[PDB]
Amino acid sequence: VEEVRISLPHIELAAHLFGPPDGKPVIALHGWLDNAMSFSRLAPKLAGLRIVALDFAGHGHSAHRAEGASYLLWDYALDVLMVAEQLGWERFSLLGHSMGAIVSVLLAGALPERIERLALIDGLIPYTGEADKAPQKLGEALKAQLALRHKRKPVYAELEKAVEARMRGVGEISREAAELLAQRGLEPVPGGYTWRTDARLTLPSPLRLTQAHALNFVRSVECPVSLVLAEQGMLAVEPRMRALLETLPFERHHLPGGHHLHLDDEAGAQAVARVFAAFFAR
Amino acid sequence: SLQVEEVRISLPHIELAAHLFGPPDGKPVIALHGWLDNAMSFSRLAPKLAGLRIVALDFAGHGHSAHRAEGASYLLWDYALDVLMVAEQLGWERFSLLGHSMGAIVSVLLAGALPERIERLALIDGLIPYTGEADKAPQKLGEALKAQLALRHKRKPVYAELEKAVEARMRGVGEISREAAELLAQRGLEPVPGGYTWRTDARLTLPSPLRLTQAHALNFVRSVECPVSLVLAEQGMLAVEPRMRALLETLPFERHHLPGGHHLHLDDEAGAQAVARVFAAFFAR
Amino acid sequence: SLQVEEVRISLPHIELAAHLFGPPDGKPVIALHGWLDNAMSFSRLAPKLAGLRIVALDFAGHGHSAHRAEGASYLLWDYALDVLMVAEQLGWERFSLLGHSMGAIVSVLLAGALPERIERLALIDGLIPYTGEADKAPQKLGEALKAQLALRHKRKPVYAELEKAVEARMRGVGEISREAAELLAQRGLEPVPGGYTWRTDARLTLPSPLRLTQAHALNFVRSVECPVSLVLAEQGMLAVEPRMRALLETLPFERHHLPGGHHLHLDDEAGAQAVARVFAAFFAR
Amino acid sequence: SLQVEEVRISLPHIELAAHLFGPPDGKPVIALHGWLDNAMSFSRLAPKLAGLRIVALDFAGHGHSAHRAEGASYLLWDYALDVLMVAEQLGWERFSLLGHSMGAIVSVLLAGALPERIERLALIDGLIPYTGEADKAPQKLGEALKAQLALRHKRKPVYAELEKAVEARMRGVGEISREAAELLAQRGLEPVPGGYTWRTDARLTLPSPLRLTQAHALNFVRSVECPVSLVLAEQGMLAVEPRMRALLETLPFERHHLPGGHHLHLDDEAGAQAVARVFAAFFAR
């Protein structure tokens, strides 16, 4: 059994299973609008780890949330904990990419008794917003909810065109990465494929974490952390982020590659696996 | 000859119940009630306010409104979105808010977020929510996540006598008159095997995953651009809180203090009339 | 001291609305209304039946009851299950049914299927549904499947004026009085941008995928074990289908022929009283 | 490029899972499995049907497809509507059906109801459902309603060991190869606290409220207009029964008895090859 559907009280999620059942327990969390194939190159190279590569709600093959429910960062965090519950995992590790790393950091700072270590790829904290702009940000979220019903779903008469659309998407990623994502990310429609998604995933949060919030979460992490930063990712590029990371104990490894370096090619996957295999052996 | 007084309002994600008061051509007002109450909170006040077309709305998970779908939250800004979608479904572009306790807090959030939509605020014994600072936010998220994991299917209290259901509501919150409790019970009880239960959603007991900071709350109140009339109960808590008074002296809101408890507009005809005098004059101009 | 008259009844799969009539300790009766009507169908009749505890239920997708979840059907046995679950949720082991039109049909199905639970049947101008034999069944299923594919494209009329919503109900279906249409409108209208719509589920227009055959219907009628009182409107069912008269002659139901239309119990006080006299004597035995 | 093998198919009311086999330009076929099985039922068979574009569908409630919403039924004609909607979502107007057991019964209902849509039926060890006559229908509805009430108290079994769940598949109704059980278990088992559980919806155990009569079932089989290839197991009840043998000689369906059990296309590679041969020819004509 390597592809399972996990039933939570409120939602059903899909996950792809890697590694030996006696392996160290890991939940692998992907980035915004991706799916579990984000780890298709990396997970097989991490021997000794039992890796549950989860599709977040509204992504890959996991269910969309019920009517009215939100896609906030801590909704994902709850879902992950309930996945751990269904597996019998009391302490487990998190391997996260981008948004998945942000969710992992929130979980580790909120529930340090549950999280054994963090392996993070080019993600750490969310975009923040301060109290002075909060009334305005809530108005924007409420107005976008009203407009949500009239929200676009693109269609692609043919496979490689959908792949190509993803190569030019949120960030730059290799054709093979896009192909790997597409195998879990496309659903058939009349007249071809669309990228399975939930329009609500484009809604702005009604309440952003303030910088102090984000800082208190990273400061609340109690387990070891290995943070891979892509040289051509804009995380490593931001100067404020370099300053923040120097104040933190997290283990940093800069590696050549883009935001999706673990997926773009076998060389990036192998480079990332080296760092994390060593991390987990300790 | 007969007029429509009780309706379902269909929103895209949920169906809510509402009682309609006043002339179809009256000034448009949505009335929002307190936590674990329902639209009967306005059963004495709304009839006393002539010239107003008042939609007294049951919040999700209260009164006769639907419970939210599985996995959905009961955060303050979820109610705020529901209220705005009600105004859309009614075809209302600009409207006023009449709010009691939690309903007042929701009204402030809406007015501060969307000043172009809210004409005025009439607030009863409520203004800003309890707040939480960033240094405690990790601990509060963990408590919120733990409570979610622990939430269970349990038989809420059952009362074989209606009298006893009413009495259980008097023991609750602060002080509330027997008449107020009975009015709330008419819309707040559901039949179950062997009696009545106070209809509720278990998720309403869960703590927020992320509270507003004191600075968030201040920014929302300082962002309200429309006229505001705030009534404080003399035997409630807000009228005695000195931090509350210091805040109000920095704000342009009209303030009135009236005798009675936290439900003064519901306890008796006199308090209902006392609040109506303040709101009728405010809405008249 | 105030009594509870309007409630939500929570079933495992749906939440229904009901109006409560009579003393809490009266004989238990669930009152079931006609297709596209609501509990106000019993607004004149139920108050006249002293000593009966009547739960006037809104069927799913009608009045103020919730619409069924996505993909669920509105077949006659679906309503029967709901009614059985309503009795469970009220704690009622044995109970009687008071049914009008479609609601009478559902009552007969329930009485025939679970005779152990049903003490008495009071039926107003309804008995069996329209039937279909096996030779048209593949055709009818194809037509039901096609209607399901085409259902996305359904919309409900909007009435800017309340009077216009009422008059739309007098023309629609059979002939009912202006007062009847007003009474049903009090519980059947919801507000929408620029006016009112008769609250309804578009699935209610779908044709059944499998109609009961004539033998099914007659077996259900024959399977009723309890005393039955049937009211026959002079201008209702029998005027529409005089073939029924010979069936009725082979059944042990008590029959009362009364003037008026299909909604004789709601059209006016004269019909309400006459039906009430018949049912009040029936329920006393 | 890599190819898309596993997909979700979004219908208006439910989201299903499917595995895609074969050349994207091949003959359009939807493959339908048996009660409590899943798309792995076609794991051996579909790879051997070259030239065919086979959508191996998980029925609602089975495998990796969503469960139906609260209150929705799992009746034969609900599956049939889902299959039609899958075809629409795929942009298929005319298509073939490959069905095992329950899936074959669904396919016959579809062909009989919409002959203009179904190119060919390839049926494995199924044809019509168990029927029931009108004189038993009140009692059968009663049993279905009672089962709906009792379903509350059920909890699904939990196997601490993978294997006890697999070999739990072999026990009960049906004889089936261990390879068959493990193949089905790959898509039909889910991890839970305590071990694994079979993913199928507990409501799948509910008896139908209304069976087709013999006449209905005959009218459907006799309404099928397209070519039909039916494979019967010699080790199955369908082939041996005389009333069934008599019916088949009256029907213009290509018929082949093959050695093997009810799941002969899945028990072993030899059985799969055998069925492949018959169907591969049938689809070439």
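Protein chains in written order, with the entry's author numbering: chain D, 5 to 286; chain C, 2 to 286; chain A, 2 to 286; chain B, 2 to 286. In this text, a Cβ means the ideal position worked out from N, Cα and C, and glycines have one as well.
C-beta neighbour in chain D for residue i, strict 7 Å
{"i": "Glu94/C", "result": "no"}
{"i": "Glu162/B", "result": "no"}
{"i": "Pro13/B", "result": "no"}
{"i": "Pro194/B", "result": "yes"}
{"i": "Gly127/C", "result": "no"}
{"i": "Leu3/B", "result": "yes"}
Pairwise C-alpha distance: residue j and residue i
{"i": "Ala203/D", "j": "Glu226/B", "result": "43 Å"}
{"i": "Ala166/C", "j": "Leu152/B", "result": "31 Å"}
{"i": "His154/B", "j": "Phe221/C", "result": "49 Å"}
{"i": "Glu164/A", "j": "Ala19/A", "result": "25 Å"}
{"i": "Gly272/B", "j": "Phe43/B", "result": "12 Å"}
{"i": "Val193/D", "j": "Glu7/C", "result": "42 Å"}
{"i": "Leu85/D", "j": "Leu12/D", "result": "10 Å"}
{"i": "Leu184/C", "j": "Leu17/C", "result": "19 Å"}
{"i": "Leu219/A", "j": "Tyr131/A", "result": "12 Å"}
{"i": "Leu46/A", "j": "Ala57/A", "result": "11 Å"}
{"i": "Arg188/A", "j": "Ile129/B", "result": "45 Å"}
{"i": "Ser178/A", "j": "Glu162/A", "result": "19 Å"}
{"i": "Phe284/D", "j": "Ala135/D", "result": "39 Å"}
{"i": "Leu252/A", "j": "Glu180/B", "result": "59 Å"}
Residue-chain proximity (residue i, chain A), Cβ-Cβ < 7 Å
{"i": "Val222/C", "result": "no"}
{"i": "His65/C", "result": "yes"}
{"i": "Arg118/C", "result": "no"}
Simplified DSSP assignment, three categories, for residue i
{"i": "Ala166/D", "result": "helix"}
{"i": "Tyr160/D", "result": "strand"}
{"i": "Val279/C", "result": "helix"}
{"i": "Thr198/C", "result": "strand"}
{"i": "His257/D", "result": "strand"}
{"i": "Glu270/B", "result": "helix"}
{"i": "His217/A", "result": "helix"}
{"i": "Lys141/A", "result": "helix"}
{"i": "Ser178/A", "result": "coil"}
{"i": "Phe60/B", "result": "coil"}
{"i": "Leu128/A", "result": "coil"}
{"i": "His20/C", "result": "strand"}
{"i": "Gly100/B", "result": "strand"}
{"i": "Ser44/C", "result": "coil"}
{"i": "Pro29/B", "result": "strand"}
{"i": "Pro243/B", "result": "helix"}
{"i": "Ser66/A", "result": "coil"}
{"i": "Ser230/B", "result": "strand"}
{"i": "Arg223/C", "result": "helix"}
Closer than 7 Å to chain C by CB, residue i
{"i": "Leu77/D", "result": "no"}
{"i": "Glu168/D", "result": "no"}
{"i": "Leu46/A", "result": "no"}
C-beta neighbour in chain B for residue i, strict 7 Å
{"i": "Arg204/A", "result": "no"}
{"i": "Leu91/D", "result": "yes"}
{"i": "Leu249/D", "result": "no"}
{"i": "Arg9/D", "result": "yes"}
Query raised in the report: Touching or not, the stretch 195–210 of chain B and the stretch 92–110 of chain B, by the rule of three or more beta carbon pairs under 8 Å?
Result: no
Report task. Assess, as a yes-or-no matter, whether the stretch 53–67 of chain B is touched by the stretch 46–56 of chain A under the definition of 3 or more beta carbon pairs within less than 8 Å. Result -> no
Query raised in the report: Within the chosen definition, does the stretch 104–123 of chain A reach the stretch 132–143 of chain B through at least 3 CB pairs nearer than 8 Å?
Result: yes
Query raised in the report: Does the count of Cβ pairs from the stretch 250–262 of chain A and the stretch 28–36 of chain B closer than 8 Å reach three?
Result: no
Query raised in the report: Contact between the stretch 119–130 of chain B and the stretch 91–101 of chain B: three or more CB pairs below 8 Å?
Result: yes
**Report entry** Stretch pair the stretch 170–178 of chain D + the stretch 273–282 of chain A: three plus CB contacts closer than 8 Å
**Finding:** no
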